[PDB]
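What follows is a set of notes on a single structure, which appears directly below.
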Amino acid sequence: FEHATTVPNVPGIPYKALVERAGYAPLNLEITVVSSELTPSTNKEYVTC
Amino acid sequence: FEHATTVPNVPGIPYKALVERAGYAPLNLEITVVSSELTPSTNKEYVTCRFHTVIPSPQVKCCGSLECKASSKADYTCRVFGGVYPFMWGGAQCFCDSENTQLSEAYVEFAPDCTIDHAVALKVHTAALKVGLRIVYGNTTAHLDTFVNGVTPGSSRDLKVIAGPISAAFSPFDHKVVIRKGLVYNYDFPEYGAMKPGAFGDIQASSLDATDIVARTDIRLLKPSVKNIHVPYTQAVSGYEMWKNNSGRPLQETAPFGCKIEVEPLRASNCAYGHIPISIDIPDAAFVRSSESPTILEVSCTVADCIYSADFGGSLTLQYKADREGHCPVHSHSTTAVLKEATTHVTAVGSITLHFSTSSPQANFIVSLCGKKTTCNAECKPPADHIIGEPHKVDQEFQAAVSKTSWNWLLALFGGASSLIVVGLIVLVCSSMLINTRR
Amino acid sequence: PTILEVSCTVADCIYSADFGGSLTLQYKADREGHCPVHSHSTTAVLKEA
């Protein structure tokens with residue numbers, strides 16, 4: 001069983017969700033964004049100084 | 001005490017019931033078809049395989065003549081040929097420029113490997129179904145190999161049980177089938193003695209060890225037309241080969257109802273076709289007198305987050321008040337819902353949570369604990385995963401496949417239409433009275 | 001564990017970025033254990049889980 005939910009992209013916020021795989025009791029779930037690393041694709045156009 | 005019920009024939013899935021013999025304490029009944037062995041009555045028509053061609057050592061009568069004589073060998077064929085003047089490495093094997101004849105001969109024999117790589121054609125007269133039941137009633141439980149005919153009862157310990165016939169006389173085998181090295185193919189093989197050259201069963205016999213083997217391979221002999229002694233036979237490629245290469249998939253992979261196929265003897269196992277009526281003659285020693293069992297003064301139900309699914313996706317909580325502690329049975333009287341738990345040790349007061357499964361989108365099913373009943377009800381959500389590794393436990397009965405909300409809107413629309421027509425008719429009646437009331 | 005009944009009584013609560021709200025839940029439970037707890041409403045989140 002796969003649960004799915006949106007999570008606020010806010011670092012350090014311990015956003016919580018509750019899964020409901022009803023054949024079993026609910027289970028507490030926390031999706032915490034420890035860190036983000038949005039990396040741009042780039043190339044060295046040129047060096048200068 | 002005889003009780004009878006129609007148990008689904010799904011192998012490996014339990015069917016639960018609650019015998020409600022008022023004289024004694026209600027008792028949990030669960031039926032399980034652990035294995036089914038639908039076995040047809042069959043007789044061997046003939047064995048067959050790659051025929052070997054013996055082209056036996058030719059006969060020569062250098063200065064006489066040979067008249068061929070029929071023989072019992074399979075597809076035995078021979079023709080006299082004249083002016084043959086045959087040679088061997090030593091040279092001319094006759095001293096006859098003319099008036100010299102060769103008696104060519106040919107017959108077929110089972111290839112030595114037919115001892116193991118061979119097919120056998122079987123007719124199926126009818127297929128009876130033998131079923132290995134596992135049954136539990138109260139705490140006592142038993143296993144028994146029954147028959148689903150309704151006249152032959154099985155038995156184990158104190159139990160005597162009889163069942164059948166099945167709701168439909170389904171069978172996977174067609175009237176004609178062929179067994180091969182544990183594989184099985186339903187196939188319209190030609191009857192004994194009706195061999196077609198170049199088709200399955202073009203050679204046939206009652207047994208590989210038999211000597212009355214017969215065949216029709218269209219084997220024919222051309223005139224010997226080279227110095228070297230020879231018999232230029234030719235024949236259709238063995239029909240067994242033509243079938244082997246083009247047999248289609250074996251029934252073991254195409255039999256419907258998911259049933260497996262096995263041999264020695266030919267049998268279909270774990271078939272999941274129809275329903276089997278079963279009559280169970282439970283012994284009173286299994287029950288207790290009604291007053292001796294626990295009984296509940298009040299009980300309540302609360303079902304939560306139930307999911308209709310093949311698995312036990314539903315969970316519900318029962319609360320109860322009981323005169324005494326003890327093992328009470330629990331059952332779902334609704335034909336479209338079933339509980340996993342069969343019994344629970346009750347307490348003078350308490351609550352127990354049970355797992356359950358159903359197809360109905362709504363949990364509007366009757367639950368019973370020690371015979372008392374409460375109407376459970378909840379809107380079960382559609383299952384999260386589209387596919388599951390276990391078969392469904394109950395049919396989608398239409399009376400319950402309609403959700404409460406959906407059924408409510410259906411009855412709402414039909415209520416509007418029915419009310420409009422009934423009110424209209426009533427208005428036509430009342431309007432008729434208007435004139436007669438004032439004339 | 002499962003709870004036969006529960007009711008929510010919320011004490012004096014402050015709406016703020018921190019856990020400025022506090023509430024108390026009475027419960028009736030079949031057996032002791034560790035129930036999951038979560039907020040089904042996007043407008044509120046609990047500290048404990």
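In the structure tokens, the first chain shown is A, the next is B, and so on; residue numbers restart at 1 for each chain, and ligands run from 1 in the order shown.
Residues within 7 Å of residue 28 (chain A), counting only C-alpha atoms and excluding same-chain residues fewer than 2 positions away, are residues 17, 18, 19, 26 and 30 of chain A; 36 and 49 of chain C.
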Go ahead and write the selection's residues with N, CA, C and O atoms as a short mmCIF file (atom, residue, chain, number, x, y, z; two decimals), in the first residue's frame.
data_model
loop_
_atom_site.label_atom_id
_atom_site.label_comp_id
_atom_site.auth_asym_id
_atom_site.auth_seq_id
_atom_site.Cartn_x
_atom_site.Cartn_y
_atom_site.Cartn_z
N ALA A 17 1.24 13.52 8.53
CA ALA A 17 0.13 12.93 7.81
C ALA A 17 -0.28 11.67 8.54
O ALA A 17 0.50 11.09 9.30
N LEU A 18 -1.51 11.24 8.31
CA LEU A 18 -2.01 9.99 8.86
C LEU A 18 -2.39 9.04 7.73
O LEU A 18 -3.20 9.39 6.88
N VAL A 19 -1.81 7.86 7.73
CA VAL A 19 -2.13 6.85 6.73
C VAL A 19 -3.30 6.03 7.25
O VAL A 19 -3.48 5.87 8.46
N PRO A 26 -4.62 2.87 11.92
CA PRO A 26 -3.86 4.00 11.39
C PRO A 26 -2.44 4.02 11.92
O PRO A 26 -2.13 3.46 12.97
N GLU A 30 5.26 11.30 9.41
CA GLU A 30 5.81 12.65 9.34
C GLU A 30 6.72 12.75 8.13
O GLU A 30 7.66 11.97 7.98
N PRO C 36 -2.18 6.27 17.42
CA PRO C 36 -1.74 7.42 16.63
C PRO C 36 -2.73 8.56 16.81
O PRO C 36 -3.92 8.34 17.04
N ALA C 49 2.41 13.20 18.00
CA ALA C 49 1.87 12.36 16.94
C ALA C 49 1.41 11.00 17.44
O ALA C 49 0.61 10.36 16.75
#
Open item on the list: Need the shell around residue 33 (chain C): protein/DNA/RNA residues with any atom at most 12 Å away, counting only C-alpha atoms. Skip same-chain ones fewer than 5 positions apart. Format as a PyMOL selection string?
Closed with: chain C and resi 1-3
TODO: Could you check how far CA of residue 277 (chain B) sits from CA of residue 18 (chain B), in Å to one decimal?
DONE: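 One can read the CA of residue 277 (chain B) to CA of residue 18 (chain B) distance as 15.9 Å.
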Could you produce a table of the residues of chain B lying within 8 Å of chain A, with the nearest pair of atoms per residue and their separation in Å rounded to one decimal, using only C-alpha atoms, ordered by chain and increasing residue number, as CSV?
residue,atom,partner,partner_atom,distance
B:305,CA,A:22,CA,6.0
B:306,CA,A:22,CA,6.4
B:307,CA,A:22,CA,6.5
B:311,CA,A:23,CA,7.8
B:312,CA,A:23,CA,5.9
B:313,CA,A:23,CA,4.0
B:314,CA,A:23,CA,5.9
B:315,CA,A:23,CA,6.7
B:355,CA,A:23,CA,7.5
B:384,CA,A:1,CA,7.3
B:385,CA,A:1,CA,6.7
Can you check which parts of chain B lie within 10 Å of chain C? Per residue, the shortest pair of atoms and distance in Å to one decimal, counting only C-alpha atoms, sorted by chain and number, as JSON lines.
{"residue": "B:302", "atom": "CA", "partner": "C:4", "partner_atom": "CA", "distance": 8.6}
{"residue": "B:316", "atom": "CA", "partner": "C:2", "partner_atom": "CA", "distance": 9.9}
{"residue": "B:317", "atom": "CA", "partner": "C:4", "partner_atom": "CA", "distance": 7.6}
{"residue": "B:318", "atom": "CA", "partner": "C:4", "partner_atom": "CA", "distance": 8.8}
{"residue": "B:319", "atom": "CA", "partner": "C:4", "partner_atom": "CA", "distance": 8.0}
{"residue": "B:350", "atom": "CA", "partner": "C:30", "partner_atom": "CA", "distance": 7.6}
{"residue": "B:351", "atom": "CA", "partner": "C:30", "partner_atom": "CA", "distance": 6.3}
{"residue": "B:352", "atom": "CA", "partner": "C:30", "partner_atom": "CA", "distance": 7.1}
{"residue": "B:353", "atom": "CA", "partner": "C:2", "partner_atom": "CA", "distance": 7.8}
Selected residues, N, CA and C atoms, written as a short mmCIF file (atom, residue, chain, number, x, y, z; two decimals), in the first residue's frame, please.
data_model
loop_
_atom_site.label_atom_id
_atom_site.label_comp_id
_atom_site.auth_asym_id
_atom_site.auth_seq_id
_atom_site.Cartn_x
_atom_site.Cartn_y
_atom_site.Cartn_z
N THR B 302 -20.07 -0.65 16.05
CA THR B 302 -19.53 0.57 15.47
C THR B 302 -18.44 0.16 14.49
N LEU B 316 -14.34 -3.21 12.53
CA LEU B 316 -15.46 -2.72 13.31
C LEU B 316 -15.29 -3.11 14.76
N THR B 317 -15.83 -2.27 15.63
CA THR B 317 -15.80 -2.47 17.07
C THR B 317 -17.19 -2.84 17.56
N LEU B 318 -17.26 -3.89 18.36
CA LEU B 318 -18.49 -4.28 19.02
C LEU B 318 -18.36 -4.01 20.51
N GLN B 319 -19.45 -3.55 21.12
CA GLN B 319 -19.52 -3.34 22.56
C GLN B 319 -20.69 -4.16 23.07
N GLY B 350 -17.66 -5.50 28.09
CA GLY B 350 -16.44 -5.26 27.35
C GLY B 350 -16.74 -4.86 25.92
N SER B 351 -15.68 -4.87 25.13
CA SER B 351 -15.77 -4.57 23.72
C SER B 351 -14.64 -5.28 23.00
N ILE B 352 -14.92 -5.72 21.78
CA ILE B 352 -13.93 -6.41 20.96
C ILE B 352 -14.00 -5.85 19.55
N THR B 353 -12.84 -5.80 18.90
CA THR B 353 -12.72 -5.30 17.55
C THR B 353 -12.45 -6.46 16.61
#
- [ ] Pull out every residue of chain C sitting within 12 Å of chain A, counting only C-alpha atoms, and send them as a PyMOL selection string.
- [x] chain C and resi 1-3+17-18+34-42+44-49
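Residues within 10 Å of residue 11 (chain C), counting only C-alpha atoms and excluding same-chain residues fewer than 5 positions away, are residues 21, 22, 23 and 24 of chain C.
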Task: Two-atom distance - CA of residue 335 (chain B), CA of residue 8 (chain B) (Å) - done: 11.5 Å
Task: DSSP strand (DSSP E) selection over chain C, as a PyMOL selection string - done: chain C and resi 3-10+23-29
Output file for the residues above (N, CA and C atoms, as a PDB file, in the first residue's frame):
ATOM      1  N   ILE C   3     -10.386   2.886  20.555  1.00  0.00           N
ATOM      2  CA  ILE C   3     -11.087   3.630  21.588  1.00  0.00           C
ATOM      3  C   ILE C   3     -12.586   3.596  21.325  1.00  0.00           C
ATOM      4  N   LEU C   4     -13.331   3.115  22.320  1.00  0.00           N
ATOM      5  CA  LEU C   4     -14.783   3.054  22.208  1.00  0.00           C
ATOM      6  C   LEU C   4     -15.378   4.442  22.037  1.00  0.00           C
ATOM      7  N   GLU C   5     -14.853   5.418  22.769  1.00  0.00           N
ATOM      8  CA  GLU C   5     -15.339   6.784  22.707  1.00  0.00           C
ATOM      9  C   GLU C   5     -14.222   7.749  23.062  1.00  0.00           C
ATOM     10  N   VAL C   6     -14.322   8.952  22.500  1.00  0.00           N
ATOM     11  CA  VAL C   6     -13.399  10.040  22.771  1.00  0.00           C
ATOM     12  C   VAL C   6     -14.161  11.338  22.568  1.00  0.00           C
ATOM     13  N   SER C   7     -13.771  12.366  23.312  1.00  0.00           N
ATOM     14  CA  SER C   7     -14.356  13.687  23.169  1.00  0.00           C
ATOM     15  C   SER C   7     -13.237  14.706  23.258  1.00  0.00           C
ATOM     16  N   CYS C   8     -13.409  15.820  22.559  1.00  0.00           N
ATOM     17  CA  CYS C   8     -12.403  16.869  22.539  1.00  0.00           C
ATOM     18  C   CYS C   8     -12.836  18.051  23.385  1.00  0.00           C
ATOM     19  N   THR C   9     -12.031  18.367  24.390  1.00  0.00           N
ATOM     20  CA  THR C   9     -12.199  19.564  25.195  1.00  0.00           C
ATOM     21  C   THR C   9     -10.906  20.341  25.024  1.00  0.00           C
ATOM     22  N   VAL C  10     -10.998  21.518  24.433  1.00  0.00           N
ATOM     23  CA  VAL C  10      -9.829  22.336  24.162  1.00  0.00           C
ATOM     24  C   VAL C  10      -9.742  23.461  25.176  1.00  0.00           C
ATOM     25  N   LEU C  23      -5.114  21.227  24.153  1.00  0.00           N
ATOM     26  CA  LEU C  23      -6.404  20.565  24.281  1.00  0.00           C
ATOM     27  C   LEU C  23      -6.251  19.282  25.087  1.00  0.00           C
ATOM     28  N   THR C  24      -7.380  18.806  25.610  1.00  0.00           N
ATOM     29  CA  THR C  24      -7.440  17.603  26.429  1.00  0.00           C
ATOM     30  C   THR C  24      -8.509  16.676  25.877  1.00  0.00           C
ATOM     31  N   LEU C  25      -8.155  15.407  25.697  1.00  0.00           N
ATOM     32  CA  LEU C  25      -9.061  14.399  25.162  1.00  0.00           C
ATOM     33  C   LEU C  25      -9.353  13.313  26.184  1.00  0.00           C
ATOM     34  N   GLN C  26     -10.629  13.142  26.516  1.00  0.00           N
ATOM     35  CA  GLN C  26     -11.050  12.005  27.320  1.00  0.00           C
ATOM     36  C   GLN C  26     -11.247  10.825  26.381  1.00  0.00           C
ATOM     37  N   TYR C  27     -10.921   9.625  26.850  1.00  0.00           N
ATOM     38  CA  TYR C  27     -11.066   8.454  25.999  1.00  0.00           C
ATOM     39  C   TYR C  27     -11.535   7.227  26.763  1.00  0.00           C
ATOM     40  N   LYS C  28     -12.223   6.351  26.037  1.00  0.00           N
ATOM     41  CA  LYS C  28     -12.578   5.016  26.495  1.00  0.00           C
ATOM     42  C   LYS C  28     -11.877   4.087  25.519  1.00  0.00           C
ATOM     43  N   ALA C  29     -11.018   3.204  26.018  1.00  0.00           N
ATOM     44  CA  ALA C  29     -10.258   2.346  25.121  1.00  0.00           C
ATOM     45  C   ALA C  29     -10.338   0.881  25.507  1.00  0.00           C
TER      46      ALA C  29
END
Task: Selection near residue 378 (chain B), 7 Å with only C-alpha atoms, sequence-local residues under 4 positions removed, as a list in words - done: residues 303, 304, 362, 363 and 364 of chain B
Restrict the selected residues to N, CA and C atoms and save them as an mmCIF file, in the first residue's frame.
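Written out: part-v4.cif:
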data_model
loop_
_atom_site.group_PDB
_atom_site.id
_atom_site.type_symbol
_atom_site.label_atom_id
_atom_site.label_comp_id
_atom_site.auth_asym_id
_atom_site.auth_seq_id
_atom_site.Cartn_x
_atom_site.Cartn_y
_atom_site.Cartn_z
ATOM 1 N N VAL B 303 -18.696 0.397 13.217
ATOM 2 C CA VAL B 303 -17.781 0.061 12.137
ATOM 3 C C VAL B 303 -17.081 1.329 11.678
ATOM 4 N N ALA B 304 -15.770 1.240 11.483
ATOM 5 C CA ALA B 304 -14.972 2.404 11.140
ATOM 6 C C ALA B 304 -14.091 2.162 9.925
ATOM 7 N N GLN B 362 -21.242 -0.164 1.174
ATOM 8 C CA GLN B 362 -21.723 0.279 2.470
ATOM 9 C C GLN B 362 -21.710 -0.902 3.425
ATOM 10 N N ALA B 363 -21.410 -0.620 4.691
ATOM 11 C CA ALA B 363 -21.308 -1.646 5.718
ATOM 12 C C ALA B 363 -22.640 -1.953 6.379
ATOM 13 N N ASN B 364 -23.746 -1.784 5.658
ATOM 14 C CA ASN B 364 -25.075 -2.050 6.208
ATOM 15 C C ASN B 364 -25.308 -3.560 6.250
#
Open item on the list: To one decimal place in Å, what is the distance between CA of residue 102 (chain B) and CA of residue 90 (chain B)?
Closed with: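 Straight-line distance from CA of residue 102 (chain B) to CA of residue 90 (chain B) works out to 17.8 Å.
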TODO: With a distance cut-off of 8 Å and only C-alpha atoms, select the neighbouring residues of residue 287 (chain B), excluding the residue or stretch itself and same-chain residues fewer than 3 positions from it, and output the selection as a ChimeraX atom specification.
DONE: /B:24-27,138,283-284
Those residues you just picked out, can you put them in a file as a JSON list (two decimals), in the first residue's frame with N, CA, C and O atoms?
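New file selection-v6.json:
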[["chain", "number", "residue", "atom", "x", "y", "z"],
["B", 24, "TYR", "N", -30.19, -25.22, 21.47],
["B", 24, "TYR", "CA", -28.87, -25.11, 22.07],
["B", 24, "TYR", "C", -28.26, -23.75, 21.78],
["B", 24, "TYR", "O", -28.88, -22.87, 21.17],
["B", 25, "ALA", "N", -27.03, -23.58, 22.24],
["B", 25, "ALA", "CA", -26.31, -22.33, 22.04],
["B", 25, "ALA", "C", -25.88, -22.17, 20.59],
["B", 25, "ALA", "O", -25.36, -23.12, 19.99],
["B", 26, "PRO", "N", -26.12, -21.01, 19.97],
["B", 26, "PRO", "CA", -25.67, -20.79, 18.60],
["B", 26, "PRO", "C", -24.19, -21.13, 18.47],
["B", 26, "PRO", "O", -23.39, -20.83, 19.35],
["B", 27, "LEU", "N", -23.83, -21.78, 17.37],
["B", 27, "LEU", "CA", -22.49, -22.30, 17.20],
["B", 27, "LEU", "C", -21.91, -21.88, 15.86],
["B", 27, "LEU", "O", -22.58, -21.93, 14.83],
["B", 138, "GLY", "N", -17.67, -24.97, 16.36],
["B", 138, "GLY", "CA", -17.26, -24.74, 17.74],
["B", 138, "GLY", "C", -15.75, -24.80, 17.80],
["B", 138, "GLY", "O", -15.05, -24.25, 16.95],
["B", 283, "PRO", "N", -22.98, -33.03, 15.49],
["B", 283, "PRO", "CA", -23.46, -33.75, 16.67],
["B", 283, "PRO", "C", -23.75, -32.79, 17.81],
["B", 283, "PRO", "O", -23.05, -31.78, 18.00],
["B", 284, "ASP", "N", -24.79, -33.10, 18.59],
["B", 284, "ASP", "CA", -25.17, -32.23, 19.70],
["B", 284, "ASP", "C", -24.04, -32.07, 20.70],
["B", 284, "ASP", "O", -23.96, -31.05, 21.39]]
Open item on the list: Just want the 9 Å neighbourhood of residue 101 (chain B), counted on only C-alpha atoms, with same-chain residues fewer than 2 positions away dropped. Output as an NGL selection string.
Closed with: :B and (59-66 or 80-85 or 98-99 or 103)
Any chance you could export the current selection's C-alpha atoms as a short mmCIF file (atom, residue, chain, number, x, y, z; two decimals), in the first residue's frame?
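again.cif was written with the following content:
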data_model
loop_
_atom_site.label_atom_id
_atom_site.label_comp_id
_atom_site.auth_asym_id
_atom_site.auth_seq_id
_atom_site.Cartn_x
_atom_site.Cartn_y
_atom_site.Cartn_z
CA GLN B 59 13.54 -59.82 -50.64
CA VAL B 60 14.83 -60.91 -54.04
CA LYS B 61 13.93 -63.98 -56.11
CA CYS B 62 16.44 -63.69 -58.93
CA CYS B 63 14.64 -66.05 -61.31
CA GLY B 64 11.13 -66.61 -60.04
CA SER B 65 8.48 -64.24 -58.82
CA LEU B 66 7.26 -63.02 -55.46
CA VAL B 80 6.52 -56.57 -56.44
CA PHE B 81 8.93 -54.94 -58.87
CA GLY B 82 10.40 -56.61 -61.94
CA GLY B 83 13.61 -56.10 -63.88
CA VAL B 84 15.40 -54.92 -60.76
CA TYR B 85 18.86 -56.50 -61.30
CA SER B 98 15.10 -60.19 -67.08
CA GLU B 99 12.59 -62.45 -65.31
CA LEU B 103 9.82 -57.74 -53.31
#
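The closest residue to residue 400 (chain B), picked from B:243, B:308, B:320, B:414 and counting only C-alpha atoms, is B:308.
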TODO: Find the residues around region 191-195 of chain B up to 8 Å (only C-alpha atoms counted), leave out those fewer than 3 positions away in its own chain, and share them as a VMD selection string.
DONE: chain B and resid 45 to 46 199 201 to 204 214 to 216
- [ ] Return the single residue from B:111, B:128, B:280, B:135 that is closest to residue 160 (chain B), with distances computed using only C-alpha atoms.
- [x] B:280
